[PDB]
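Let's start with one chain on its own, the form deposited in one PDB entry, as structure tokens.
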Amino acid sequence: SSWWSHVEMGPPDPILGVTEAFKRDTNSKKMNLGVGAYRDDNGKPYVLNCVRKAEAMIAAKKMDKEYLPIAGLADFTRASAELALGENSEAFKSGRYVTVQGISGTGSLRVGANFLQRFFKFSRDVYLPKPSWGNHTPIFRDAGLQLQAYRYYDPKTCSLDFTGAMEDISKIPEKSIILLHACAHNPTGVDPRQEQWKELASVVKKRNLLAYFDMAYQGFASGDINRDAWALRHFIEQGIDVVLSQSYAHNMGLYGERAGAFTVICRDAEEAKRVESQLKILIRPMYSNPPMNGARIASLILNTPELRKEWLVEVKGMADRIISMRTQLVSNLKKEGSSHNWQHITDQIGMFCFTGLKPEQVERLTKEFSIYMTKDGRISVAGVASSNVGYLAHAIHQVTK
């Protein structure tokens, strides 16, 4: 019959708009600063050498394709927890955590959202920083939670509004949920420094808030897996039992294979088995059991010393290329005669950078220079290469001079 006549055409994604225009452009100097995945120095997708080798191992073993347990590959969940909490972590060693494999970071955040909706009886409010990854809204919203926000980004300085953040967080009703980015805040790239993190943890402890860490870039951010997980670990050291989402999309370049994990820090191993049974019950009617390919690759790497070692070098390489590009962009802006302060470009961390450009300026950048970005002045640093950093520098100077 005519069941669907009332379904309206959904709104178009702006990122898709930028990508389509970029593809149409004929100018060979075109840059795509809307990319959400790492690109090497030649602007190409990069499959890690350690993933090629792990894949090669799998094939040689003639593995079956049987269904994985609901919670996922045990070797993968254990390794994920170890990676995040630290091998000599008290939480890890006493077994008071529960980790289940999720569909990358997004599926892992959703399982968590769904878990909180069902069992977190104290509140339905989730406080997100201003701004946050766009998908974070519909994720918590479709799950049944209420969205709240706390000040985070300071447009005046293109850095942390520490004063605004501490004031907001201090007024959060106790036992509410606060979403924190572990590192490489998406989309601004501004992260608290260690001393700021110490103040932040004191207050969440004091106000007895449930801390939900989104850790989508461990290793990929600064090049150091322990450094990137520092604030998460500090929070747990201070006695804050968090919930966390992990993604292997960026740090292992496993994008389409969807490898990720969801973890809950419990009081003890007893309590962990209980929440693990509830997590299994929720997941079965969602998708029954997780996709095995990304987890088998991730597991092999983390668990095989030779591989793990090669992985840390390559993840460091990715991080270093991006720091390199941020470094190069501010020196070339000085070189061009920009009198403006571009240090936020080097203070920011990870793949996304909030530049401070205004909408008028990004339009000119697109129209006249064939540099494609979203109107919020957000740039994907994976889109810059050694061959075009100078150009971008030039282009930025011209629209801000």
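All residue numbers refer to positions in the sequence shown, first residue = 1. Throughout, rigid core stands for the largest set of C-alpha atoms superposing within 1.5 Å between the two forms.
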- Message: Comparing average C-alpha B factors as deposited, tell me which of 310-318 and 83-91 sits higher.
- Response: 83-91
- Item | Mean temperature factor over C-alpha atoms, higher-scoring stretch between 45-53 and 338-346 | 338-346
- Pick out which of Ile70, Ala59, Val362, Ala37 has the highest C-alpha B-factor in the PDB entry. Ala59
- Among the candidates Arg151, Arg96, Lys156, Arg284, give the one with the maximum CA B-factor reported in the record. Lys156
- Going by the recorded CA B-factors, say which third of the chain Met325 sits in, lowest, middle or highest. highest
- Would you please rank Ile139 by its C-alpha temperature factor against the other modelled residues of its chain and give the third it falls in: lowest, middle or highest? lowest
- Note on the structure: So, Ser331's CA B-factor, relative to its chain, sits in which third? The highest
- Query: Lowest, middle or highest third: where is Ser170 by C-alpha B factor in its chain?
  - Reply: highest
- Cα B factor band for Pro290 (lowest, middle or highest third within the chain): middle
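The following text describes the form deposited in another entry, which does not appear among the structures shown.
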- Query: For the list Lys44, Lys335, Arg52, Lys61, which one shows a CA move of 2 Å or more between this form and the one not shown after the core is fit?
  - Reply: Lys335
